[PDB]
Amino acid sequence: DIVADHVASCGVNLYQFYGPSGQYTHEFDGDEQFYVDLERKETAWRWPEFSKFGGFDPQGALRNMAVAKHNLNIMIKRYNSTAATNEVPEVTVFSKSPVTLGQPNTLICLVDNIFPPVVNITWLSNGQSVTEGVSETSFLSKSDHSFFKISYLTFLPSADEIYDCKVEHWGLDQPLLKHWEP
């Protein structure tokens, strides 16, 4: 246990054999400053107000993705090809701010204890798929080296719409719905 006022991750470097795929992010005190888009080779900010402090050469990431790609192969061998244990994620659904009908708000779907980092998170409005007003965080890191991820639905709380968050995972026998109604 390391005591500190603050802690950055100047590089969470995620690489997995399934895909294969990767992710490169920096985090300051639990929050994602930026990510690197590995297909596009382009640094990207989910929350643009943070470009203001710190650019980043996409090349630095693609570099470490190469190393991880190499090292994962080494480490697979040493561990006798020991496949990752699927975890059972904890979904919870809550609002950003207090609920007032007619007041625009953002719904927050929190998927904790994600492992491995493979999850489809969609929203449902009256049991139908919503694509409008949905956005995500990247896979955020945890000291037990599992991940969490957070999807957002912006919405107009109405007389009747009923919302669900649909989470799909390999630790889940069947797509898991979490409900939220005004």
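Each residue number is its position in the shown sequence, starting from 1.
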Exercise. Mean C-alpha B-factor higher for 122-130, or for 54-62?
Worked result: 122-130
For this session: On mean C-alpha B-factor from the PDB entry, just flag whether 151-159 or 22-30 is the higher one.
Result: 151-159
Problem set entry | Highest-ranked of 74, 93, 111, 83 once sorted by CA temperature factor in the record | 83
For this session: Rank-wise, by C-alpha B-factor, drop residue 170 into the lowest, middle or highest third of its chain.
Result: highest
For this session: Relative to the other modelled residues of the same chain, rank the CA B-factor of residue 1 and answer lowest, middle or highest third.
Result: middle
